[PDB]
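Following: one structure in structure tokens, then a few remarks.
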Amino acid sequence: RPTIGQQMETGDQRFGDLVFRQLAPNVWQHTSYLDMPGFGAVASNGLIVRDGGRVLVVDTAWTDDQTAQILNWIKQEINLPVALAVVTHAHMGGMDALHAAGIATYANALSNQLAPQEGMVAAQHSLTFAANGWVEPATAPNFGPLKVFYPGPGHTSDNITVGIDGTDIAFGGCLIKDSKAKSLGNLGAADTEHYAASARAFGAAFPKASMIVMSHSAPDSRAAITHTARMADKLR
């Protein structure tokens, strides 16, 4: 996979076939790659957050092996216990690795409901959401700076998003595409009626976030939210 070298920027750390980019004093992006027919290596991004004496993870890598490597990198570079992980959609591949490491995992109740038919291991805990989209705090105990928001159905019915309190960063998962994207990608499980409003709701939930991190593109400005919503407008 020679795609990794083209993708790396100054300051990125390669660890096996994983790449880590520091985004803030206590936040890193993790990136893994999967060879997909007719496209070669495709990037998937998540977050690693150092919160005092512990680490919080958002999303697995594509695979269990890659996810184990993320945990290896955390041990080496941060050396704090990983307390919990939040997974933002059912599509994840590395749940077993998190569980093997004794990390408590959380996902939208709907993600957990969809997991078996997707061939995914469910998270151990289900998040539920108020009618305003905000996670019910009893379902997300001790989440530290992670602010979890369900913006409505978009790329998938279960997609959730995560703001990192006290930073410029919000994570849009698969809902948000970068501001240069040519399409919204795979819409097979999308709600094409509500997608545009859901993308805008994510923006309104984290209005101060200037760095938008996403599942399949490098971090971008809020132009990513605007562009995603406008592409989504066209599907209605």
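If you're wondering about the labels, chains in the structure tokens are A, B, ... by order shown, residues count from 1 in each chain, ligands from 1 in order shown.
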
Which residues of stretch 161-180 of chain A come within 7 Å of stretch 150-156 of chain A, and for each one, what is the closest pair of atoms and their distance in Å to one decimal, counting only C-alpha atoms, sorted by chain and residue number, as JSON lines?
{"residue": "A:161", "atom": "CA", "partner": "A:150", "partner_atom": "CA", "distance": 6.1}
{"residue": "A:174", "atom": "CA", "partner": "A:155", "partner_atom": "CA", "distance": 6.3}
{"residue": "A:175", "atom": "CA", "partner": "A:155", "partner_atom": "CA", "distance": 5.1}

Could the residues of stretch 154-235 of chain A that have an atom at most 10 Å from stretch 55-77 of chain A be listed as a Markdown table, each with its closest atom pair and the distance in Å to one decimal, counting only C-alpha atoms and ordered by chain and ascending residue number?
| residue | atom | partner | partner_atom | distance |
| --- | --- | --- | --- | --- |
| A:161 | CA | A:58 | CA | 9.6 |
| A:162 | CA | A:58 | CA | 8.1 |
| A:171 | CA | A:58 | CA | 8.7 |
| A:173 | CA | A:59 | CA | 8.6 |
| A:215 | CA | A:59 | CA | 8.9 |

I need the residues from that last selection saved to file as a PDB file, in the first residue's frame (with N, CA, C and O atoms), if you can.
ATOM      1  N   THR A 161     -22.394  11.624  15.840  1.00  0.00           N
ATOM      2  CA  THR A 161     -21.282  12.553  15.717  1.00  0.00           C
ATOM      3  C   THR A 161     -20.756  12.902  17.096  1.00  0.00           C
ATOM      4  O   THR A 161     -21.428  12.691  18.107  1.00  0.00           O
ATOM      5  N   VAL A 162     -19.526  13.391  17.159  1.00  0.00           N
ATOM      6  CA  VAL A 162     -18.878  13.612  18.452  1.00  0.00           C
ATOM      7  C   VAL A 162     -18.087  14.922  18.434  1.00  0.00           C
ATOM      8  O   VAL A 162     -17.182  15.089  17.625  1.00  0.00           O
ATOM      9  N   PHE A 171     -16.255  15.697  15.170  1.00  0.00           N
ATOM     10  CA  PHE A 171     -16.123  14.519  14.318  1.00  0.00           C
ATOM     11  C   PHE A 171     -17.471  14.181  13.697  1.00  0.00           C
ATOM     12  O   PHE A 171     -18.434  13.896  14.407  1.00  0.00           O
ATOM     13  N   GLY A 173     -18.035  11.651  11.421  1.00  0.00           N
ATOM     14  CA  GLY A 173     -18.168  10.279  10.963  1.00  0.00           C
ATOM     15  C   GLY A 173     -18.359  10.220   9.459  1.00  0.00           C
ATOM     16  O   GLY A 173     -17.698  10.951   8.716  1.00  0.00           O
ATOM     17  N   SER A 215     -14.816  10.494   8.547  1.00  0.00           N
ATOM     18  CA  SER A 215     -14.384   9.111   8.389  1.00  0.00           C
ATOM     19  C   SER A 215     -13.504   8.877   7.176  1.00  0.00           C
ATOM     20  O   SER A 215     -12.577   8.099   7.258  1.00  0.00           O
TER      21      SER A 215
END

Q) Hey, what's within 10 Å of stretch 223-227 of chain A if we count only C-alpha atoms and toss same-chain stuff fewer than 3 positions away? As a ChimeraX atom specification, please? A) /A:172,175-184,196,199-203,210-214,217,219-220,230-233

Please dump the current selection as a compact mmCIF listing (two decimals), in the first residue's frame; keep N, CA, C and O atoms.
# COMPACT_ATOMS: atom_id res chain seq x y z
N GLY A 172 -17.54 14.21 12.37
CA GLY A 172 -18.77 13.97 11.65
C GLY A 172 -18.98 12.55 11.16
O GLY A 172 -20.01 12.26 10.56
N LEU A 175 -21.14 10.98 7.96
CA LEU A 175 -22.14 11.97 7.56
C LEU A 175 -21.54 13.08 6.70
O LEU A 175 -22.13 13.54 5.72
N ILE A 176 -20.36 13.54 7.09
CA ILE A 176 -19.77 14.72 6.47
C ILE A 176 -18.66 14.29 5.51
O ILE A 176 -17.84 13.42 5.84
N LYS A 177 -18.68 14.87 4.30
CA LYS A 177 -17.62 14.71 3.30
C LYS A 177 -16.86 16.02 3.20
O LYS A 177 -17.35 17.08 3.59
N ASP A 178 -15.65 15.95 2.65
CA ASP A 178 -14.84 17.16 2.56
C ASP A 178 -15.38 18.13 1.51
O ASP A 178 -16.19 17.76 0.65
N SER A 179 -14.90 19.36 1.58
CA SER A 179 -15.46 20.45 0.78
C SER A 179 -15.11 20.36 -0.69
O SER A 179 -15.62 21.14 -1.48
N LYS A 180 -14.28 19.38 -1.05
CA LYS A 180 -13.96 19.13 -2.46
C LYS A 180 -14.55 17.81 -2.99
O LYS A 180 -14.25 17.39 -4.10
N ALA A 181 -15.39 17.17 -2.19
CA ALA A 181 -15.91 15.86 -2.58
C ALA A 181 -16.81 15.97 -3.80
O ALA A 181 -17.58 16.92 -3.93
N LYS A 182 -16.72 14.98 -4.69
CA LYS A 182 -17.51 14.96 -5.92
C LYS A 182 -18.89 14.34 -5.71
O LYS A 182 -19.78 14.50 -6.55
N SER A 183 -19.07 13.62 -4.61
CA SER A 183 -20.37 13.01 -4.30
C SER A 183 -20.45 12.66 -2.82
O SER A 183 -19.48 12.80 -2.09
N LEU A 184 -21.62 12.19 -2.39
CA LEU A 184 -21.81 11.77 -1.00
C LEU A 184 -21.46 10.29 -0.82
O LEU A 184 -21.68 9.71 0.25
N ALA A 196 -29.71 16.41 4.18
CA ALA A 196 -29.26 17.80 4.21
C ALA A 196 -29.51 18.45 5.57
O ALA A 196 -28.63 19.09 6.14
N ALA A 199 -27.02 17.05 8.16
CA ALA A 199 -25.70 17.64 8.05
C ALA A 199 -25.72 19.04 8.68
O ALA A 199 -24.81 19.40 9.43
N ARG A 200 -26.76 19.82 8.38
CA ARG A 200 -26.86 21.15 9.00
C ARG A 200 -27.02 21.07 10.52
O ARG A 200 -26.49 21.90 11.25
N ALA A 201 -27.72 20.04 11.01
CA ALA A 201 -27.93 19.89 12.44
C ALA A 201 -26.61 19.60 13.16
O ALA A 201 -26.36 20.10 14.26
N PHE A 202 -25.76 18.80 12.53
CA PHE A 202 -24.42 18.58 13.05
C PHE A 202 -23.65 19.92 13.18
O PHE A 202 -23.04 20.21 14.21
N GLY A 203 -23.69 20.74 12.13
CA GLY A 203 -23.05 22.04 12.20
C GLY A 203 -23.59 22.90 13.33
O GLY A 203 -22.83 23.55 14.04
N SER A 210 -14.05 24.50 14.38
CA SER A 210 -13.45 24.99 13.16
C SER A 210 -12.70 23.89 12.40
O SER A 210 -12.37 24.05 11.23
N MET A 211 -12.43 22.77 13.08
CA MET A 211 -11.80 21.64 12.43
C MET A 211 -12.76 20.47 12.43
O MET A 211 -13.13 19.94 13.49
N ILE A 212 -13.19 20.07 11.24
CA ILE A 212 -14.14 18.98 11.09
C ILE A 212 -13.38 17.74 10.65
O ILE A 212 -12.76 17.73 9.57
N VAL A 213 -13.41 16.73 11.50
CA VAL A 213 -12.77 15.46 11.22
C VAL A 213 -13.86 14.52 10.70
O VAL A 213 -15.01 14.57 11.15
N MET A 214 -13.50 13.67 9.74
CA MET A 214 -14.47 12.84 9.04
C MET A 214 -13.93 11.45 8.81
O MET A 214 -12.71 11.24 8.82
N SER A 217 -12.20 11.38 4.73
CA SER A 217 -11.38 12.46 4.19
C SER A 217 -10.57 13.08 5.32
O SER A 217 -10.95 12.98 6.48
N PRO A 219 -8.94 16.06 7.73
CA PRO A 219 -9.67 17.15 8.40
C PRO A 219 -9.82 18.37 7.51
O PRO A 219 -8.93 18.72 6.73
N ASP A 220 -10.97 19.03 7.63
CA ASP A 220 -11.29 20.17 6.78
C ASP A 220 -11.91 21.27 7.64
O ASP A 220 -12.15 21.09 8.83
N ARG A 230 -25.18 20.99 0.88
CA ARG A 230 -25.62 21.41 -0.45
C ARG A 230 -25.68 20.25 -1.44
O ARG A 230 -26.60 20.19 -2.26
N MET A 231 -24.74 19.30 -1.35
CA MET A 231 -24.84 18.09 -2.16
C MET A 231 -26.11 17.32 -1.79
O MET A 231 -26.84 16.84 -2.67
N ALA A 232 -26.38 17.26 -0.50
CA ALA A 232 -27.55 16.56 0.01
C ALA A 232 -28.86 17.24 -0.39
O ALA A 232 -29.87 16.56 -0.63
N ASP A 233 -28.85 18.58 -0.46
CA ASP A 233 -30.01 19.35 -0.92
C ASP A 233 -30.49 18.81 -2.27
O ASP A 233 -31.69 18.79 -2.55

Contacts of stretch 106-116 of chain A at 7 Å (only C-alpha atoms; same-chain gap of 2+ positions) as a PDB file with C-alpha atoms, in the first residue's frame:
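Result file follows (out_22.pdb):
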ATOM      1  CA  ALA A  85     -14.551   3.763  22.820  1.00  0.00           C
ATOM      2  CA  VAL A  86     -17.510   5.233  20.977  1.00  0.00           C
ATOM      3  CA  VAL A  87     -18.372   3.830  17.545  1.00  0.00           C
ATOM      4  CA  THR A  88     -20.305   6.104  15.215  1.00  0.00           C
ATOM      5  CA  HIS A  89     -22.054   3.742  12.801  1.00  0.00           C
ATOM      6  CA  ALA A  90     -22.603   0.060  12.068  1.00  0.00           C
ATOM      7  CA  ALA A 104     -15.859  -0.566  27.292  1.00  0.00           C
ATOM      8  CA  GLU A 118     -23.996  -6.035   8.997  1.00  0.00           C
ATOM      9  CA  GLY A 119     -21.754  -8.848  10.256  1.00  0.00           C
ATOM     10  CA  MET A 120     -20.365  -6.469  12.952  1.00  0.00           C
ATOM     11  CA  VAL A 121     -19.845  -7.212  16.645  1.00  0.00           C
ATOM     12  CA  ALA A 122     -22.165  -4.947  18.656  1.00  0.00           C
ATOM     13  CA  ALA A 123     -20.788  -2.474  21.196  1.00  0.00           C
ATOM     14  CA  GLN A 124     -21.314  -3.519  24.806  1.00  0.00           C
ATOM     15  CA  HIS A 125     -23.408  -0.439  25.597  1.00  0.00           C
ATOM     16  CA  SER A 126     -26.229   1.341  23.795  1.00  0.00           C
ATOM     17  CA  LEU A 127     -26.498   5.115  23.575  1.00  0.00           C
ATOM     18  CA  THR A 128     -29.945   6.672  23.356  1.00  0.00           C
ATOM     19  CA  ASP A 158     -27.758   5.362  12.829  1.00  0.00           C
TER      20      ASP A 158
END

Q: Would you kindly return, as a ChimeraX atom specification, each protein, DNA or RNA residue with an atom no farther than 12 Å from any atom of residue A:35, considering only C-alpha atoms and excluding same-chain residues fewer than 5 positions away?
A: /A:1-4,40-44,62-63

With C-alpha atoms retained, export the selected residues as a PDB file, in the first residue's frame.
ATOM      1  CA  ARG A   1       0.000   0.000   0.000  1.00  0.00           C
ATOM      2  CA  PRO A   2       2.046   2.976  -1.403  1.00  0.00           C
ATOM      3  CA  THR A   3      -0.996   5.246  -0.844  1.00  0.00           C
ATOM      4  CA  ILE A   4       0.175   5.817   2.747  1.00  0.00           C
ATOM      5  CA  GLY A  40      -7.108   0.530  -4.062  1.00  0.00           C
ATOM      6  CA  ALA A  41      -6.402   1.663  -0.507  1.00  0.00           C
ATOM      7  CA  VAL A  42      -9.181   3.667   1.132  1.00  0.00           C
ATOM      8  CA  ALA A  43      -8.627   5.667   4.330  1.00  0.00           C
ATOM      9  CA  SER A  44     -10.771   5.469   7.443  1.00  0.00           C
ATOM     10  CA  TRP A  62     -11.187  -1.212   9.317  1.00  0.00           C
ATOM     11  CA  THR A  63     -10.030  -4.462  10.917  1.00  0.00           C
TER      12      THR A  63
END

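For the residues A:130, A:135, A:163, A:9, ranking by smallest atom-to-atom distance to residue A:27 using only C-alpha atoms places A:163 first.
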
Q: Could you check how far atom CA of residue A:235 sits from atom CA of residue A:221, in Å to one decimal?
A: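 Separating atom CA of residue A:235 from atom CA of residue A:221 is a distance of 23.2 Å.
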
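Take atom CA of residue A:159 and atom CA of residue A:134: the distance between them is 12.9 Å.
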
Interface rows for stretch 159-203 of chain A against stretch 18-25 of chain A: nearest pair, Å to one decimal, 9 Å, only C-alpha atoms, as a tab-separated table:
residue	atom	partner	partner_atom	distance
A:167	CA	A:24	CA	7.5
A:168	CA	A:24	CA	8.5
A:169	CA	A:23	CA	8.3

May I have the selected residues written with N, CA and C atoms, as an mmCIF file, in the first residue's frame?
data_model
loop_
_atom_site.group_PDB
_atom_site.id
_atom_site.type_symbol
_atom_site.label_atom_id
_atom_site.label_comp_id
_atom_site.auth_asym_id
_atom_site.auth_seq_id
_atom_site.Cartn_x
_atom_site.Cartn_y
_atom_site.Cartn_z
ATOM 1 N N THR A 167 -11.957 22.007 22.641
ATOM 2 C CA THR A 167 -11.111 22.046 21.453
ATOM 3 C C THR A 167 -11.914 22.621 20.293
ATOM 4 N N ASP A 168 -11.239 22.775 19.159
ATOM 5 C CA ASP A 168 -11.832 23.268 17.923
ATOM 6 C C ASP A 168 -12.439 22.142 17.084
ATOM 7 N N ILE A 169 -12.432 20.923 17.620
ATOM 8 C CA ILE A 169 -12.660 19.721 16.824
ATOM 9 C C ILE A 169 -14.050 19.102 16.987
#

Q) Which one of A:216, A:50, A:197, A:93 sits closest to residue A:79 if you count only C-alpha atoms? A)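 Looking at the shortest contact to residue A:79, the residue is A:50.
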
**Q.** Å distance separating atom CA of residue A:186 from atom CA of residue A:91, one decimal place
**A.**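 Calculated distance between atom CA of residue A:186 and atom CA of residue A:91 is 12.1 Å.
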
Q.
I need the helix (DSSP H, G or I) residues of stretch 101-234 of chain A per DSSP on the backbone, written as a PyMOL selection string.
A. chain A and resi 109-118+137-139+195-205+223-233

Q | Picked from stretch 131-226 of chain A by DSSP as strand (DSSP E or B), as an MDAnalysis selection string | A | chainID A and resid 134:135 146:149 161:164 169:171 211:213 220
